[PDB]
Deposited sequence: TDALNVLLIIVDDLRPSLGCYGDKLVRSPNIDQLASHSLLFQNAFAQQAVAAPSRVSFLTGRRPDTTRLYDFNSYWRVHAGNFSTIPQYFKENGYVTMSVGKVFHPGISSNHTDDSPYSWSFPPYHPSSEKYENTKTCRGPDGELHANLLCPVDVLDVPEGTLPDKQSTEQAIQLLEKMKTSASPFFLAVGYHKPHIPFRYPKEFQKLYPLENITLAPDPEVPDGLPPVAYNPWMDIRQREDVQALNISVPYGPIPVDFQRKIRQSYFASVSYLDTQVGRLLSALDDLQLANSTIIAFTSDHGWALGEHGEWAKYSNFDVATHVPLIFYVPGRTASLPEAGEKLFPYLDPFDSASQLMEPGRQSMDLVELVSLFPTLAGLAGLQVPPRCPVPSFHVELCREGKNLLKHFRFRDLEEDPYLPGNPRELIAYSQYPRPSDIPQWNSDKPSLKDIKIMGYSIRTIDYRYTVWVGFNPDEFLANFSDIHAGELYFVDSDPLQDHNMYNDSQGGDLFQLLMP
């Protein structure tokens, strides 16, 4: 009798544009193969659609209003409370905990040390080639180097001749080989960068998605019923040279159709590129015969809009920005134990069945208790309200029962996002704490998304639910794309019904 290892794979800005989530265009065979042996959650949502608030949230198992981290300019242990993290908890329980790539968000939000010395057994590994993503590293048709958003590259014509996710993969495999020697179990966090911008990927993956067979988003127009407060102006992508040359109007655009299809091409290519890296990682796991002793959790920190509602990037409460993939492989539980190989590398350039599936509405803040339980450790207790004074507790439910009384909150996935004003402006994507004046709280059920943009006081961290600036109500059955806001024609009977037993 032993304890199970954990391989946690986190992808930056990955929406569920994957074969195992019903996307019949994107080629993600290795992830689909992971899913075929796993439990796939169809309705998983991040608590805030931006890197640091989301990552600090689900790494401490607390919600953004407990971490009080809505930007990326505060360290929770000083700002809110000495909240313990997932890897810290495993390390305290005899695990060797290791971080590769972007797990914590770098900078102050992790105290510049990836939350050292609490979380990791040794200083995390960050791939060196990441620092060239936003340099003049994209060779154009006329032979010059540019800092382009769409950046298909020959690996032999970039600095250091590699890419950050290839480095992360290589280093993760080596650590797995080392741990096969150790007597202790491992908790390995691998944080992949793509499809986060820029779209710098091996140019061969671009051939998988010819532009002729690329369509726009189903709802590329900005909906009439979308209140301006809920619109994000996607300012970060406007700084890239190729984007800047199009002279796209601020803040509503639109992006020229041809470039919209090119963005989707490069995003899909980056996903397939990501998929091969995951393939290499999982295939190495198989060769080392760790498949029968290692939990694999695969998810993302938030989504990314590709023209839906005239939006791009995250910084939103729409499903496209909050809906994330979430897959759990549990040896001998989600699939039969394996010289059998479960994750052989699959080549997307070669032209499966859905594994277990769950439609329950779940939240990234439930990641902490789930992994702790699945690994055989003690599940931290539920948090009180507030829990600033508590170091180890969880505000989300454990999903372990789901692998074989109706509280209304078990029917909800919560999301939120701040705004500095009602009209989209320069900092509406990523407002700093002092500049936050509105907080958009969103409720997502199997039936609808209900959002209210309410007055917010950043000095007291106080929401005023009597100062509603605007509201949104989208119905899954009739309006899955969320194009027809029904909040003005509503009275609140949907919330009442949810409360009534």
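Judged by missing C-alpha atoms, the gaps in the deposited chain sequence fall at residues 339-340, 354-357, 411-420, listed in sequence order.
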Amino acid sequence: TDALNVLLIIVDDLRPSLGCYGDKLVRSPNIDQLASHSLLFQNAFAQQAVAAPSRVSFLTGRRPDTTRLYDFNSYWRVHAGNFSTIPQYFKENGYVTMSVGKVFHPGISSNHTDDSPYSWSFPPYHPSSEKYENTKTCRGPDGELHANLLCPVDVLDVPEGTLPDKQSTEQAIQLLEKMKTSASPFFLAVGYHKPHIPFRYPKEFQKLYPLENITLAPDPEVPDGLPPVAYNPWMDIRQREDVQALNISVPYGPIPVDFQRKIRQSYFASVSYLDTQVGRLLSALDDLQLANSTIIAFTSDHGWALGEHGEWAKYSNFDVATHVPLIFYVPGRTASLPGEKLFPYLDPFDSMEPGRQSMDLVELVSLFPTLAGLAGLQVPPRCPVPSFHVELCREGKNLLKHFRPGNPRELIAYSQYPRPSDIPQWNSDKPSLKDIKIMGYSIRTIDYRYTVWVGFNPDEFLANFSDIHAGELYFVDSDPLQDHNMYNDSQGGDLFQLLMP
From here on, numbers count along this sequence of modelled residues.
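Stretches 459-467 and 58-66 differ in mean C-alpha B factor, with the higher average recorded for 459-467. Averaged over Cα atoms, the B-factor as recorded in the entry is higher for 414-422 than for the other of 414-422 and 160-168. Taking the deposited Cα B-factors for 105, 382, 196, 409, the highest one is held by 382.
Among 290, 271, 217, 295, the highest C-alpha B-factor in the deposited entry belongs to 217. Placement of the Cα temperature factor of residue 474 within the chain: middle third of the modelled residues, per the deposited record. Per the deposited record, the Cα B-factor of residue 349 falls in the highest third when ranked against the other modelled residues of its chain. Among the modelled residues of its chain, residue 442 has a C-alpha B-factor that falls in the lowest third according to the deposited record. In this PDB entry, residue 450 carries a Cα temperature factor that places it within the middle third of its chain's modelled residues. Ranked by C-alpha B-factor against the other modelled residues of its chain, residue 432 falls in the highest third.
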